[PDB]
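Following: one structure in structure tokens, then a few remarks.
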Amino acid sequence: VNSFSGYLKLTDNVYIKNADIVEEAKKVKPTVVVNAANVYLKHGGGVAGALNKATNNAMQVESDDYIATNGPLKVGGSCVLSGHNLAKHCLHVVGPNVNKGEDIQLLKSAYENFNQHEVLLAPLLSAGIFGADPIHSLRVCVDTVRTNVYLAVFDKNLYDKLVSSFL
Ligand SMILES: Oc1ccc2c(c1)OCO2
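Just so it is clear: in the sequence shown, position 108 is 110 by the entry's author numbering, and no numbers are missing.
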């Protein structure tokens, strides 16, 4: 049993809810929250900007030190950093950004990072301002992630479309 509430069950391991990922993290304090990161860990907008704002910019400060030491992530890659006030850990995962021309086949590699964690609170990778089709992102998630993933979909309209089109 875990603390996640109000989710619709899609599969054995994937759950979904219409929720503000920031507000969900603040309530649950999950072991892992996933950030929709870019390779520079520049948390300007979208899910990343919202998560970082909720940490009072402490996520960005930590991220800048990580990049100064290690250099940029790979598209499809990840790193584990602090979850600050939102979670124990933040898994920063880089899905391909269609608005930068990145290979959508890298979305499966991005979701494979989730398999290193038994339970996660996450957004749909490459959705929103990353430009991919969220229906596609949900299908890759279900077909790639084997650990238990609780998806927070910010848009009520999109949530209803994801559920009503789910195969
Ligand atoms: O994709 C998003 C998810 C949550 C957000 C957001 C964007 O901006 C405000 O909070």
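Just so it is clear, CB atoms sit at the ideal spot from N, CA and C, and this is done for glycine as well.
Please classify residue i as buried or exposed, where buried requires at least 16 neighbouring CB atoms within 10 angstroms.
i, result
"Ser167", "exposed"
"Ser5", "exposed"
"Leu169", "exposed"
"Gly103", "exposed"
"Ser80", "buried"
"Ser65", "buried"
"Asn54", "buried"
If we call anything under 7 Å between Cβ atoms a contact, is residue i one with residue j?
i, j, result
"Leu109", "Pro125", "no"
"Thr149", "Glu114", "no"
"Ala39", "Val96", "yes"
"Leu75", "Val41", "yes"
"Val151", "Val16", "yes"
"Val24", "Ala52", "yes"
"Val147", "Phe116", "yes"
Could you give the distance in angstroms between the alpha-carbon of residue i and the alpha-carbon of residue j?
i, j, result
"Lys19", "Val36", "15 Å"
"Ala70", "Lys28", "29 Å"
"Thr33", "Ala89", "6 Å"
"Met61", "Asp14", "32 Å"
"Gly48", "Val3", "31 Å"
"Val63", "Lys44", "10 Å"
"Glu26", "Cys143", "20 Å"
"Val82", "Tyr68", "10 Å"
"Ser84", "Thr57", "10 Å"
"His138", "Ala129", "9 Å"
"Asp22", "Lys158", "10 Å"
"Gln118", "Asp145", "16 Å"
"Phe132", "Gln107", "14 Å"
"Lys11", "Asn101", "31 Å"
"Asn59", "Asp105", "30 Å"
"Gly73", "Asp162", "39 Å"
"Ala50", "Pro136", "17 Å"
Could you check how far apart the C-beta atoms of residue i and residue j are, in whole angstroms? I think they sit under 8 Å.
i, j, result
"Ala112", "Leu127", "5 Å"
"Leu140", "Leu160", "Actually they do not touch by this definition, with Cβ atoms about 10 Å apart."
- prompt: Which runs of the alpha helix (DSSP H), 4 residues or longer, sit entirely within the region 89-131?
  reply: 108-114
field: 4 or more residues per run - each alpha helix (DSSP H) lying fully within the region 14-100
entry: 23-30, 48-56, 60-72
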